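Participant: First, the structure itself, so that you have it in front of you.
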Amino acid sequence: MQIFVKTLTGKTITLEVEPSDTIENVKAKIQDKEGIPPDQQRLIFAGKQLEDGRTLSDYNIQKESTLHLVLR
């Protein structure tokens with residue numbers, strides 16, 4: 001049910017979610033941690049690109065795998 005996210009800051013952040021983890025759902029959860037618009041933010045899972053708020057359970061998300069985002 002948990003989900004792991006890695007930041008270039010090395011700060012470990014944990015979200016309370018279900019495996020459906022819908023990005024509109026996860027993003028909004030992240031909006032609270034830090035301001036990030038879902039319609040503007042996209043994530044990646046095991047090389048797979050997560051969408052605008054598609055469901056993660058459908059993505060067969062695991063025990064809270066770590067998703068990492070990079071732009072450099």
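By convention in this document, the chains of the structure tokens carry letters A, B, ... by their order, each chain's residues are numbered from 1, and ligands are numbered from 1 in the order they are shown.
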Within 12 Å of range 32-40 of chain A, counting only C-alpha atoms, which residues show up once you throw out same-chain ones fewer than 5 positions away? Write them as a VMD selection string, please.
Facilitator: chain A and resid 5 7 11 to 16 22 to 27 50 to 54
Participant: Could the residues in this selection be written to a file with N, CA and C atoms, as a short mmCIF file (atom, residue, chain, number, x, y, z; two decimals), in the first residue's frame?
Facilitator:
```cif
data_model
loop_
_atom_site.label_atom_id
_atom_site.label_comp_id
_atom_site.auth_asym_id
_atom_site.auth_seq_id
_atom_site.Cartn_x
_atom_site.Cartn_y
_atom_site.Cartn_z
N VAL A 5 9.46 7.18 -2.88
CA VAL A 5 9.89 8.17 -3.86
C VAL A 5 11.29 8.67 -3.51
N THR A 7 14.38 11.46 -4.05
CA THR A 7 14.65 12.83 -4.47
C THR A 7 16.15 13.07 -4.54
N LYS A 11 16.50 13.03 0.63
CA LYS A 11 15.48 12.97 1.67
C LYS A 11 14.47 11.87 1.38
N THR A 12 14.29 10.97 2.34
CA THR A 12 13.35 9.87 2.18
C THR A 12 11.93 10.33 2.51
N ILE A 13 11.03 10.21 1.53
CA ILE A 13 9.64 10.63 1.72
C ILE A 13 8.69 9.44 1.53
N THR A 14 7.80 9.25 2.50
CA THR A 14 6.83 8.15 2.44
C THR A 14 5.41 8.69 2.39
N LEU A 15 4.59 8.08 1.54
CA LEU A 15 3.19 8.49 1.39
C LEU A 15 2.27 7.37 1.84
N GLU A 16 1.13 7.74 2.41
CA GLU A 16 0.18 6.72 2.82
C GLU A 16 -0.82 6.59 1.69
N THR A 22 -3.43 6.52 -7.55
CA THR A 22 -3.63 7.17 -8.82
C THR A 22 -2.92 8.49 -8.73
N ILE A 23 -2.21 8.77 -9.81
CA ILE A 23 -1.33 9.92 -9.88
C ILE A 23 -2.07 11.18 -9.50
N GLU A 24 -3.30 11.34 -9.95
CA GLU A 24 -4.04 12.50 -9.51
C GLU A 24 -4.15 12.37 -7.99
N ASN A 25 -4.18 11.10 -7.54
CA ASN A 25 -4.25 10.77 -6.12
C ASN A 25 -2.88 10.89 -5.43
N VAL A 26 -1.84 10.35 -6.06
CA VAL A 26 -0.50 10.39 -5.49
C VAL A 26 0.06 11.81 -5.58
N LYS A 27 -0.10 12.42 -6.74
CA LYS A 27 0.39 13.77 -6.96
C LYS A 27 -0.17 14.71 -5.91
N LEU A 50 4.62 6.68 -15.41
CA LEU A 50 3.31 6.82 -14.79
C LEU A 50 2.62 8.06 -15.36
N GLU A 51 1.29 8.00 -15.48
CA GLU A 51 0.52 9.07 -16.12
C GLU A 51 -0.12 10.12 -15.20
N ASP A 52 -0.90 10.96 -15.88
CA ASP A 52 -1.69 12.08 -15.34
C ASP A 52 -2.64 11.69 -14.22
N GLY A 53 -2.55 10.47 -13.72
CA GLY A 53 -3.52 10.00 -12.73
C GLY A 53 -4.26 8.77 -13.20
N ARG A 54 -3.47 7.87 -13.79
CA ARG A 54 -3.96 6.55 -14.15
C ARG A 54 -3.83 5.78 -12.86
#
```
Participant: Residues near residue 2 in chain A, anyone? I mean within 9 Å using only C-alpha atoms, not counting same-chain ones fewer than 3 positions away, as an MDAnalysis selection string.
Facilitator: chainID A and resid 14:19 21 62:65
Participant: Just want the 10 Å neighbourhood of residue 68 in chain A, counted on only C-alpha atoms, with same-chain residues fewer than 2 positions away dropped. Output as a PyMOL selection string.
Facilitator: chain A and resi 4-8+43-47+65-66+70
Participant: Take the residues just selected and output them with C-alpha atoms as a PDB file, in the first residue's frame.
Facilitator:
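The new file selection27.pdb reads:
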```pdb
ATOM      1  CA  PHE A   4       8.539   5.070  -2.114  1.00  0.00           C
ATOM      2  CA  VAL A   5       9.893   8.174  -3.858  1.00  0.00           C
ATOM      3  CA  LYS A   6      13.539   9.196  -4.287  1.00  0.00           C
ATOM      4  CA  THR A   7      14.651  12.831  -4.470  1.00  0.00           C
ATOM      5  CA  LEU A   8      17.989  14.286  -5.566  1.00  0.00           C
ATOM      6  CA  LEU A  43       6.332   9.823 -12.370  1.00  0.00           C
ATOM      7  CA  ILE A  44       8.136   6.641 -13.436  1.00  0.00           C
ATOM      8  CA  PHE A  45       7.848   3.057 -12.154  1.00  0.00           C
ATOM      9  CA  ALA A  46      10.451   0.401 -12.958  1.00  0.00           C
ATOM     10  CA  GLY A  47      11.236   2.264 -16.176  1.00  0.00           C
ATOM     11  CA  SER A  65       8.586   0.321  -4.964  1.00  0.00           C
ATOM     12  CA  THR A  66      10.867   3.367  -5.175  1.00  0.00           C
ATOM     13  CA  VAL A  70      15.553  12.920 -13.035  1.00  0.00           C
TER      14      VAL A  70
END
```
Participant: How many Å lie between CA of residue 48 in chain A and CA of residue 30 in chain A, rounded to one decimal?
Facilitator: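 CA of residue 30 in chain A lies 19.3 Å from CA of residue 48 in chain A.
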Participant: Name the residues in contact with residue 20 in chain A at a cut-off of 10 Å, using only C-alpha atoms, excluding same-chain residues fewer than 6 positions from it; report them as a count of residues only.
Facilitator: 11
Participant: Please report, as a count of residues only, each residue of range 9-55 of chain A to which DSSP assigns strand (DSSP E) when run on this structure's backbone.
Facilitator: 7
Participant: Could you give me, as a list in words, each residue of chain A that DSSP assigns to alpha helix (DSSP H) when run on this structure's backbone?
Facilitator: residues 23, 24, 25, 26, 27, 28, 29, 30, 31, 32 and 33 of chain A
Participant: Restrict the selected residues to C-alpha atoms and save them as a tab-separated table (two decimals), in the first residue's frame.
Facilitator:
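Writing done, so here's out32.tsv:
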```tsv
chain	number	residue	atom	x	y	z
A	23	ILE	CA	-1.33	9.92	-9.88
A	24	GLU	CA	-4.04	12.50	-9.51
A	25	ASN	CA	-4.25	10.77	-6.12
A	26	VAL	CA	-0.50	10.39	-5.49
A	27	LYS	CA	0.39	13.77	-6.96
A	28	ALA	CA	-2.13	15.52	-4.77
A	29	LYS	CA	-0.62	13.60	-1.87
A	30	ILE	CA	2.73	15.03	-2.97
A	31	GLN	CA	1.21	18.51	-3.40
A	32	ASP	CA	0.90	18.57	0.40
A	33	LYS	CA	4.52	17.55	0.93
```
